[PDB]
Amino acid sequence: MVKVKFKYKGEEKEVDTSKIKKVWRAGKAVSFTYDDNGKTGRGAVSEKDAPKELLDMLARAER
């Protein structure tokens, strides 16, 4: 139940931790994919502006 507020192509968008599928570490940036209902959607934020639940998802991913 963590909410992520991000800018996609200059448009403010927002998606919850649960809907999140993929997370990659790209320099200072966090690059990710979610399930917007049937479809998949793309987004990114700065590691600085990221919520804790997310950062934990990332650590998990590096095994």
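Higher on the page you've got the structure.
What counts, and at which threshold
Residues numbered from 1 in each chain as written, not as in the entry; some residues may be left out. Part of a larger assembly, values for the part shown. Heavy atoms only, no water. Residues with missing side-chain atoms left out of burial classes, pairs and counts. Helix = DSSP H or I, 4+ residues; strand = E, 2+ residues; numbered from the N terminus. Buried < 20%, exposed > 50% of the residue type's maximum accessible area, 1.4 Å probe, protein only. Pairing = 2+ DSSP bridges.

## Some points on the environment of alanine 26
In step 1: With respect to the helices, strands and loops of the structure, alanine 26 is situated in strand β3 (residues 20–26).
In step 2: When its relative accessible area of 39% is taken as the criterion, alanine 26 is described as partly exposed.
In step 3: Separated by 22 residues in sequence, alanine 26 and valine 4 place their C-alpha atoms 17 Å apart.

## Details of the pairing of β3
If a strand is regular, its side chains alternate between the two faces of the sheet.
In step 1: Relative to strand β4 (residues 29–36), β3 runs antiparallel, the two sharing 6 bridges. Of the residues in β4, the one forming a bridge with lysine 22 is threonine 33.
In step 2: Between β3 and β4, which follow one another and run antiparallel, lie 2 residues, and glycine 27 among them has a positive phi close to 50 degrees.

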